[PDB]
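Quick heads-up: it's one chain on its own, the form deposited in one PDB entry, in structure tokens.
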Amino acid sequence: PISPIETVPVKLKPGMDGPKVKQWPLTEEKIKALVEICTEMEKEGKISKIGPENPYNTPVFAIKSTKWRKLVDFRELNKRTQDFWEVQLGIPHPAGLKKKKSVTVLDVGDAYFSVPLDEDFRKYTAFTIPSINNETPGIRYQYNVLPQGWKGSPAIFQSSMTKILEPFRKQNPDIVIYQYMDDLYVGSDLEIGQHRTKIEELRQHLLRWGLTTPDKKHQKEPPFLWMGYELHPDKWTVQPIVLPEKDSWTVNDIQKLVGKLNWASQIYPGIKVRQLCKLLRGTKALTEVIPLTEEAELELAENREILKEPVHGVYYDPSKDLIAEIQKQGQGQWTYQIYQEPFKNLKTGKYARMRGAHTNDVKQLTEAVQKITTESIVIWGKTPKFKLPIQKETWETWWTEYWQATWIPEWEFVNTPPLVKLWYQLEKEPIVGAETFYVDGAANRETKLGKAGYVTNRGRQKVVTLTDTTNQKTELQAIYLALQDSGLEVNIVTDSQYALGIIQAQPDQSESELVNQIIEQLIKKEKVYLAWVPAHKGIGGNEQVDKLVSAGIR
């Protein structure tokens, strides 16, 4: 049936006219199949016969399996039609779902063909069934409903479906209905009697609006397989994760494994994917075999252990508060769990992200706290109470002293090692009785020849030579030198805003080896003071290093 629902007005793209595509001569079988197909559609009022008064054309096709399927090529029309609003903004997360006594999955029959197309737009949906060898005028037709393969069918269908449900929804606020394509999911706290009755009231509401459903006793037994999940009454989980036992792993095998593990990570805690990802790095053919590292074999072993036993998740109770717990599980790697009642996890998560080139555990943890905060507003519409492996004093000491502004909600320290700390702290004021190392590191833009070095208040001077290093690399190797040759308490003067910035930031992990080497040194030292001066301005100490540093190549 074509729904009585008012048609959504549709236009073409501004400055464009409808498709005028020539129908390619089709096969006798195809012509015989299409006419048969179109006749049955015409009798149902889905299409209507037209004359050469209409100037628009779209190519039709046929495919076979004994059933013949009518294939329309809207490629051109879709290019010519207006854009529509995005059907859905997201997909429900099982962790956000509320506990309901009973479920029914109703699927809508001949969806697009059950909804009317705007009269003024129909002309553009014109298609022609060719005659045998195309010698005679074909059979011209146009849609009165939403065509299959057309740009606005999902938008216009879902929009209609929503408006049709709106009254029933208002009339049954205690009944949850979830819309997804040509499927409808109904949940209620009503018993199998009152529920089945409400189902028929819905099926009929849909019928008064030209929408047919399947039939009674089709209904299944738990778990309800939905969107890649298992939906039980009181619990949920990801659908069976099979971790293939394979001798040799191809790029494609590894790619799929990472996808399966990432999917599993929603309810399985401690899932790690770092080492397996490191493998996918580079070019490599899809079929190319990649030998697993010890680190990746170790990672997969741990993943197999977590997945050896089935882990489940609970539904959301809006009366209670959310509690999110984060745990450090290697450098860059963080694991989280969200629950309302201790260790009855609503969902799990992993976080591994390197915002920039260099970072610390404090910046890393804060970043994770944000990723979880957003995730919570999306799923539950409220922020969680956090339980972090960082001391309140460690946090306070950092975020007050830092130049970036941060704010994290209600949180508490939980003693879950490894704990988040600051591995070193730079001095606030210059150290007394600690050697002052004036550093510089000039590099030639053409010969790529570096010249990192230093001069001290104690007359020490070292000038090393580097190979294929930028002005950045040398300004940084100069600091590593000052760090290497110095004592336990050191003052370091630089003219590099770059270097200072990197160091000031207190990193404990970096992309560059030089920085990781510098960090290692910083951690070891008792006291480190880092100052800045403008280069070429003739500073007593800076000018002196520049002499021996710039001596040859730039």
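Throughout, we count residues from 1 along the sequence that is shown. Take the two forms, superpose them, and find the largest set of C-alpha atoms that agree within 1.5 Å; that set is the rigid core.
J.: Taking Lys32 and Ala33 as adjacent modelled residues, how many residues of the deposited sequence between them have no coordinates (none, 1 to 3, 4 to 9, 10 or more)?
T.: Missing in between: none.
J.: Can you let me know which of the two, 381 to 389 or 351 to 359, has the higher average C-alpha B-factor in the entry?
T.: Looking at the record's C-alpha B-factors, the answer is 351 to 359.
J.: Could you settle it for me: does 446 to 454 or 156 to 164 have the higher average Cα B factor in the PDB entry?
T.: 446 to 454 has the higher mean C-alpha B-factor.
J.: Return the residue from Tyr185, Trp423, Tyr268, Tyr143 that has the highest Cα B-factor in the entry.
T.: The listed residue with the largest C-alpha B-factor is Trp423.
J.: Out of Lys371, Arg75, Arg274, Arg196, whose C-alpha atom has the biggest B factor in the entry?
T.: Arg196 has the highest C-alpha B-factor of those listed.
J.: When the modelled residues of the chain are sorted by Cα temperature factor, does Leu231 land in the lowest, middle or highest third?
T.: It falls in the middle third of the chain.
J.: For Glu294, does the deposited CA B-factor place it in the lowest, middle or highest third of the chain?
T.: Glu294: CA B-factor falls in the middle third of its chain.
J.: With respect to C-alpha B-factor, does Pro430 fall in the lowest, middle or highest third of the chain as deposited?
T.: Tercile = middle for this residue's CA B-factor.
J.: Where does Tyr529 sit by CA temperature factor within its chain: lowest, middle or highest third?
T.: Tercile = lowest for this residue's CA B-factor.
J.: Which third, lowest, middle or highest, does the C-alpha temperature factor of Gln504 belong to within its own chain?
T.: As the PDB entry reports it, the C-alpha B-factor of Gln504 lands in the lowest third of its chain.
There is another form of the same protein, the form deposited in another entry; it is not shown, and what comes next is about it.
J.: Please look at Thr374, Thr470, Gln219, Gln425 and say which one has a C-alpha shift reaching 2 Å or more between the shown form and the other one, core superposed.
T.: Residue with a C-alpha shift of 2 Å or more: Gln219.
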